[PDB]
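Observations on chain architecture
In case you want the letters, here they are:
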Amino acid sequence: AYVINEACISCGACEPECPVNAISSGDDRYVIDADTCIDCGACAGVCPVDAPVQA
Ligand code: SF4
Ligand code: SF4
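Residues numbered from 1 in each chain as written, not as in the entry; some residues may be left out. Chains lettered and ligands numbered in written order. Heavy atoms only, no water.

Its PDB header names X-ray crystallography as the technique used to obtain the model and reports a resolution of 1.84 Å.

Inclusion rule: UniProt positions are given in the numbering used here, feature names are shortened, and annotations may be inferred rather than shown by experiment.
The protein chain is annotated in the PDB entry as FERREDOXIN from Clostridium acidurici. According to the PDB record, the title of this entry is "REFINED CRYSTAL STRUCTURE OF THE 2[4FE-4S] FERREDOXIN FROM CLOSTRIDIUM ACIDURICI AT 1.84 ANGSTROMS RESOLUTION". Heading Function of the UniProt record for the protein chain holds this comment: "Ferredoxins are iron-sulfur proteins that transfer electrons in a wide variety of metabolic reactions."

**Brief notes about empty space enclosed by the protein**
Applied cut-off: A 1.4 Å probe that fits but cannot get out identifies a cavity on a 1 Å grid over protein atoms alone, an open set with protein on both sides within 12 Å along at least five of seven lines counts as a pocket, and a residue lines either if it has an atom within 4 Å of a point. Grid points are joined across faces, edges and corners, and a volume is the space filled by probe spheres set on the points. Residues are grouped as follows: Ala, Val, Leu, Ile, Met, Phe, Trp, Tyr, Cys and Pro are nonpolar; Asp, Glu, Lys and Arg are charged; all remaining types, including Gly, are polar.
In total, this model carries 2 cavities of 30 Å³ or more according to the counting rule given. Volume-wise, the largest cavity comes out at about 100 Å³. In terms of lining, the largest cavity is formed by 13 residues, of which the most central are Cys18, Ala22, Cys37, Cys40 and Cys43. Here the residues of the lining of the largest cavity are counted per class, giving 11 nonpolar, 1 polar and 1 charged. Taken as a whole, the second largest cavity encloses approximately 80 Å³ of empty space. Around the second largest cavity sit 14 residues that line it, and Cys8, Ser10, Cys11, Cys14 and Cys47 are the ones nearest its centre.

In structure tokens form, the structure reads like this:
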């Protein structure tokens, strides 16, 4: 799983780009569904602040 850390500025750019729709808007920051994430790294590639990190 990747997890979006506290650097997220809630820009929303990563949500459309997840190939398996694992990202949604949450309170404070966006959230990854760890039961769907397949570690592709796409969200980190479109993140301006590089908040998604592999855990
Ligand atoms: S790593 Fe890939 S599968 Fe996991 S949330 Fe980011 S874009 Fe979606
Ligand atoms: S692209 Fe980065 S800052 Fe923008 S919502 Fe996704 S994780 Fe947060």
